């Protein structure tokens, strides 16, 4: 990829380093916060100390009329709750009004990601990606987004999102671009004291990446063996999740009654949360919460991986129960129950966790229930029993809605968890 900068967490020295081979120095401010689950994820808040400065290896400093180059990174931007029309920088490689930079903005309910080039005569070119907050379920709001920006000095700058080309702008009218010796990762000019971003995997490439390269990069950095929650973070054990069923996003999961004679079902309406002319979204913190419990994961840590065997705890009136069924019950759709954990006995309760990767909304999960001999009982979804859509496990080779997302409470979403 002609990679000339690759910011990566290194376990041995417990530190962010440049692993490109060029050994650019990475200085971290005391205001930077790290995810304890994934040390590549760093949080930059609106504080002077919340910054990362890269001192570029002399050989990778950009000063050229013709050198093609690209950059990639992942970013997670909290919902905007207030207007600003206050464009603020987040990644800066500028000196004397020339170079490149990434900035963010929020206007007319659109969150914007902005790429700017500026030549040594002060002339600017920009390419923008934007997405609306006026939408029931967003692939983008407060979710990890993969950004790739490529620059061909003889033609266009292009912005790719999650491996897909979104926008292009001609940049052939720019002359010499003399960028900074340093790259500054920092909220610069942001007037909201409480704004922040999450970022990871920042890369620079000494070429214009092509379509295939970018899709491969996206796929390789997706960590596709690990399940994701709604926000795109690693799915985890022992963490309460609200459940989104993608079949009918306007409904939510509820428990009619606990016990092996009870059932769960699809209840509506989910409803919406609104701040007029700022956002209008489906309410996410609705319905029964699931907690994923370790059973047979080979691993030590709390991350849920493809084909992990787990138990699912179901929270009802602030008490935990176990998702289970008697597969011997009549019919191909096995109605699921929330049963008292000490009393689950010989009921089927082992769930195989699966990723679902297609070209629709990201971070989809499936759950395949098995009996205690490993035999498939079926994927967890719904079946219409006259008037009621009940939660069931059903073998597809023997009913609907077996695609799920797990939603934990997150400060960037802004529904109150009170």
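Numbering follows the first chain given and starts at 1.
Chemist: Where do the C-alpha atoms have the higher mean temperature factor in this entry, in 248-256 or in 128-136?
Modeler: Taking the mean B-factor of the alpha carbons in each, 248-256 is higher.
Chemist: Could you settle it for me: does 291-299 or 92-100 have the higher average Cα B factor in the PDB entry?
Modeler: Stretch with the higher mean C-alpha B-factor: 291-299.
Chemist: Of the options 329, 152, 236, 116, which has the highest CA B factor as deposited?
Modeler: Within the set 329, 152, 236, 116, 329 shows the top C-alpha B-factor.
Chemist: Per the PDB entry, which option out of 314, 84, 274, 209 has the greatest Cα B factor?
Modeler: Highest CA B-factor of the listed options: 84.
Chemist: Would you check the entry's CA temperature factor for residue 418 and let me know if it's in the chain's lowest, middle or highest third?
Modeler: Highest third of the chain for residue 418's C-alpha B-factor.
Chemist: Sorting the chain's CA B-factors, does residue 71 end up in the lowest, middle or highest third?
Modeler: Answer is lowest: the recorded C-alpha B-factor places it there.
Chemist: Based on the entry's values, in what third of the chain does the Cα temperature factor of residue 363 lie: lowest, middle or highest?
Modeler: Residue 363: CA B-factor falls in the middle third of its chain.
Chemist: Please rank the C-alpha B-factors of the chain's modelled residues and tell me whether residue 229 sits in the lowest, middle or highest third.
Modeler: It belongs to the lowest third of the chain when residues are ordered by C-alpha B-factor.
Chemist: Could you say whether, by C-alpha temperature factor, residue 11 belongs to the lowest, middle or highest third of its chain?
Modeler: Within its chain, residue 11 is a highest-third residue by C-alpha B-factor, going by the deposited values.
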